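Read off the chains here:
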Amino acid sequence: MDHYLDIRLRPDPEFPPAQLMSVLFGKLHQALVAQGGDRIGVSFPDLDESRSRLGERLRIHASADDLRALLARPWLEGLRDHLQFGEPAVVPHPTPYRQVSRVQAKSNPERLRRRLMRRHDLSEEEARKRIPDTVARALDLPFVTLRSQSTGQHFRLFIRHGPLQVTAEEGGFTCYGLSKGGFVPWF
RNA sequence: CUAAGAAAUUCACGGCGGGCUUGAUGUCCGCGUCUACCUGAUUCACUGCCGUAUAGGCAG
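This deposited entry lists cryo-EM as its structure determination method and 3.6 Å as its resolution.

Now the structure itself:
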């Protein structure tokens, strides 16, 4: 994956950039479940780790045929007025390589309590005795908010840009474009 | 380095007895409250799955 395509959120008087970034990420995810495979990687070039902000840019990492297919496919319908685009081009080098991975946290003690009750046949009080409320961990990481279509929930999807490395390795990506082993050029 | 420097108010106690406040009364005419707006700031940290696990991961 030596090719990239930058997408920057146009400023909108109607919307904040986080809402636009989340609906763009959901539509990219739906485009990848429509496409299939594990070869599509994402990034956030104007990231702010300190303020936990994604920035205002998103960058896809793939081959050029994937970029020209995704630049005209109807997952960009209704956002071309919200979005300005670049051109499908080759990445610069030398670049450090890092991973973009979805991090999940045990954020609700009661759901894991109900799982322990389902898998150990305990009552509610044994689940509260075995699992306290200190267990709940909150991440200090930026996030998109996503509407599931299988189930009906709205959940925060916390992303982590991994450590910078001098070389990249093989692997795939999930249907959200996040690394389950793959690496992306970071520039 | 202070109108500086010091100090035991305290023992006891029956306030109760009794009573007619009454009659009478017109509130009342009148009234232009308009004008214009993003409740959305990621604001639903959720639901489940693997794992003996609370340790750690995974899905949408």
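**Notes on the nonpolar core**
Counting 30 residues, the largest nonpolar core has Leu24, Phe25, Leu58, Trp75, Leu157 and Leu178 as the members making the most contacts within it. No other element matches the seven residues that helix α1 (residues 17-35) contributes to this core. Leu157 has contacts with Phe25, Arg102, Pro142, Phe143, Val144, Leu146, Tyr176 and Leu178, leaving out every residue within four places of it along the chain.

**Remarks on the sheet that holds strand β9 (residues 154-161)**
Strands sit in the order β7-β9-β8 across an open sheet of three strands; the sheet is antiparallel. Looking at which strands have only one partner, the edges of the open sheet turn out to be β7 (100-103) and β8 (143-147). Looking at each pair of strands side by side, their axes are set apart by 40 degrees on average, direction ignored. Bridging between β7 and β9 involves four bridges; their strand directions are antiparallel. Across the sheet, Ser101 pairs through a bridge with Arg160, a residue of β9. The strands that α1 touches are β8 and β9; relative to β8, the one it contacts most, it runs at about 60 degrees.

**What about the side chain of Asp6?**
Positionally, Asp6 belongs in strand β1 (residues 3-9). A distance of 2.5 Å separates a polar atom in the side chain of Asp6 from a polar atom in the side chain of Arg59. The contact partners of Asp6, leaving out residues within four places of it in the chain, are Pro45, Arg57, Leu58, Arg59, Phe85 and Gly86.

**Brief notes about the environment of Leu178**
The topology assignment puts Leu178 in the loop between β9 and β10 (184-185). Residue classification places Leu178 among the buried positions, given a relative accessible area of 2%. Residues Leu178 and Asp133, spaced 45 residues apart in sequence, show a C-alpha to C-alpha distance of 30 Å. Excluding residues within four positions of it along the chain, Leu178 makes contact with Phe25, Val42, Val100, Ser101, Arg102, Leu157, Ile159 and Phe173.

**Some words on the pattern of salt bridges**
Throughout the structure, instances matching the rule amount to four salt bridges. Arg57 serves as the salt-bridge partner of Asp6, at 2.7 Å between the closest nitrogen and oxygen. Of the two residues, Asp6 is situated in strand β1 and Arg57 in strand β3 (residues 57-62); the sequence distance between them amounts to 51 residues. On the basis of relative accessible area, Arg57 is assigned to the buried category, the value being 18%. Close ionic contact of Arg113 with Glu110 constitutes a salt bridge, the shortest N to O distance being 3.1 Å. With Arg113 and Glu110 both in helix α3 (residues 109-120) and three residues apart, the pair spans about one turn of that helix. Judged by relative accessible area, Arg113 falls into the buried class, the value being 6%. You can call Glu110 partly exposed: its relative accessible area is 24%. Residues participating in the shared-partner salt-bridge network are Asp6, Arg57 and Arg59.

What counts and how
- Residues numbered from 1 in each chain as written, not as in the entry; some residues may be left out.
- Chains lettered and ligands numbered in written order.
- Part of a larger assembly, values for the part shown.
- Heavy atoms only, no water.
- Residues with missing side-chain atoms left out of burial classes, pairs and counts.
- Core = buried A, V, L, I, M, F, W, Y, C linked by side-chain atoms within 4.5 Å.
- Buried < 20%, exposed > 50% of the residue type's maximum accessible area, 1.4 Å probe, protein only.
- Helix = DSSP H or I, 4+ residues; strand = E, 2+ residues; numbered from the N terminus.
- Contact = heavy atoms within 4.5 Å.
- Pairing = 2+ DSSP bridges.
- Axes fitted to C-alpha atoms, helices over the stretch in contact; angles between N-to-C directions.
- Polar contact = N/O pair within 3.5 Å; in protein donor to acceptor, adjacent residues only side chain to side chain.
- Salt bridge = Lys/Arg side-chain N within 4 Å of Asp/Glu carboxyl O.

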